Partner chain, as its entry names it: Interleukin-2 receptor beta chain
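One chain is shown next in structure tokens, namely the form solved without its partner chain.
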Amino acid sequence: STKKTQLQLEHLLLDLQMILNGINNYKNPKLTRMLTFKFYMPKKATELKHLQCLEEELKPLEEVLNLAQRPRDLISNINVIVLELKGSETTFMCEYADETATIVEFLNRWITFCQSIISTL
């Protein structure tokens, strides 16, 4: 049961890392223009329920990946995982920081998130 969550988290981590690795391969008029896109960062992200704050920024993530290229299926998969992991009991009320982030900073935040949860179970 916890292993099921652990494996789901492992796929999530890997999916985010794939996107991040796919970002370094780009040119220079692509990378610079891509980094101007601003993402919302969660004020608090320490437990599984906070993955709502990932779901709520998948649309801009998919948007930015489409303008940089399938991205539809990778983000689709992240959604499926996130929906499973976030729990279906109550909707978590997401709070975001005043300082926005690049796509790199955004990914690095959620990569650090997954690794932190995996460590605690």
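Positions refer to the first chain, counted from 1.
According to the PDB entry, the deposited sequence contains 4 to 9 residues between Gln69 and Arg70 that lack coordinates. Relative to one another, 14-22 and 95-103 have unequal mean CA B-factors, and 95-103 is the one with the higher figure. The stretch with the higher mean CA B factor, choosing between 83-91 and 26-34, is 26-34. Looking at the C-alpha B-factors along this chain, the one for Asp73 belongs to the highest third.
Among the modelled residues of its chain, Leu7 has a C-alpha B-factor that falls in the middle third according to the deposited record.
Beyond the structure shown, there is the form solved in complex with its partner chain, which is absent from this document and is the topic of what follows.
Shown here without its partner, the chain carries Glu47, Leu48 and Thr91, none of which come within 4.5 Å of its partner chain in the deposited complex through any heavy atom.
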